[PDB]
Amino acid sequence: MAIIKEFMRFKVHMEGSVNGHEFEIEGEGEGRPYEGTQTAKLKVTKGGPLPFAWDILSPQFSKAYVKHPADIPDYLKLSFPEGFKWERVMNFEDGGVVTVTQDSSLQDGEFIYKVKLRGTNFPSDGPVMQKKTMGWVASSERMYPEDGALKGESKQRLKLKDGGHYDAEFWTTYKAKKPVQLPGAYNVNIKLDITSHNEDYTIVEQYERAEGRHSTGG
Numbered sequence: 022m023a024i025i026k027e028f029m030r031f032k033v034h035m036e037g038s039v040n041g042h043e044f045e046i047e048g049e050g051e052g053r054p055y056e057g058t059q060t061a062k063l064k065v066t067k068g069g070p071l072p073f074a075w076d077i078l079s080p081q082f083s084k085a086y087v088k089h090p091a092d093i094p095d096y097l098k099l100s101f102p103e104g105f106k107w108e109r110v111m112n113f114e115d116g117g118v119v120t121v122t123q124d125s126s127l128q129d130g131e132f133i134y135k136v137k138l139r140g141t142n143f144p145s146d147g148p149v150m151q152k153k154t155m156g157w158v159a160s161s162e163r164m165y166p167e168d169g170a171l172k173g174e175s176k177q178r179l180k181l182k183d184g185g186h187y188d189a190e191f192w193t194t195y196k197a198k199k200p201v202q203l204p205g206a207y208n209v210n211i212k213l214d215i216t217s218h219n220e221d222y223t224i225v226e227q228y229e230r231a232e233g234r235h236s237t238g239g
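Counted the way the numbering used here counts, the sequence shown spans residues 22 to 239.
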């Protein structure tokens, strides 16, 4: 409450590979952790221009910025200053797979994010390697505690240039670096937008709004 301020910056470093293409990204962001909003500016620093869709990377750049009601314990905010780690699997409907590990810490009053990502088995003709995706539809992550960690599961959908859709299932485990209070089951509603980018997506800005709720209705 005194360490997670109402306005917070973060720095993020990602290293990864997708279908064997290695890359690195460095970015900085800022937001309002109790209002559930944040923006980030990412720069490809190695391996650019990326030969695959930016959208598979965008969900990996910050769960300390989820608005929570008072009756749902904010496990990931409570994990600081030590922070938390998370591990994610994204299975896409055409066999593409992305696995991600992340470490979050707080240093000199800013969040520090370290991301490692491996994408594999994307079809050469599919919308990821052909850069045909056009952003994520608004989604809901089902959260529940299990084995001393916070788990989330969600069905996700990318829009496509041809007007169709491209679906994925996300599984994530979030683990605080110290024992803090886990919530019961609840839902996190997320909207993730690419707000600007240059022609080859080597410079990208994102905006995300996230809020935890009991409700399942839209």
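The C-beta atom is built at its ideal place from N, Cα and C for all residues, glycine as well.
Between the C-alpha atoms of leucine 203 and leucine 181 there is a straight-line separation of about 37 angstroms. Excluding the 5 residues flanking it on each side, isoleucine 24 has same chain C-beta neighbours closer than 6 angstroms at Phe101, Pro102, in chain order. The criterion of a C-beta distance shorter than 8 angstroms is satisfied by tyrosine 195 and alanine 170.
Residue state for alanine 231 is assigned as strand, using DSSP reduced to three classes. For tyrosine 96, no beta strand (DSSP E) segment is defined; the enclosing uninterrupted segment is the alpha helix (DSSP H) at 96-99. Between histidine 235 and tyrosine 86, the alpha-carbon positions lie close to 18 angstroms from each other. With a threshold of 16 other beta carbon atoms within 10 Å, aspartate 95 meets it and is buried. Rounded to whole angstroms, the gap between the alpha carbons of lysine 67 and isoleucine 46 is 7 angstroms. If you check the CB distance, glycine 69 and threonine 223 come in under 8 angstroms. Residues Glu162, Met164, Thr193 of the same chain have their beta carbon placed closer than 6 angstroms to that of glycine 173, with the five preceding and five following residues left out of the count. Apart from sequence neighbours up to five positions away, the residues of its chain that approach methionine 111 with a beta-carbon distance below 6 angstroms are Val119, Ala189, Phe191, ordered along the chain.
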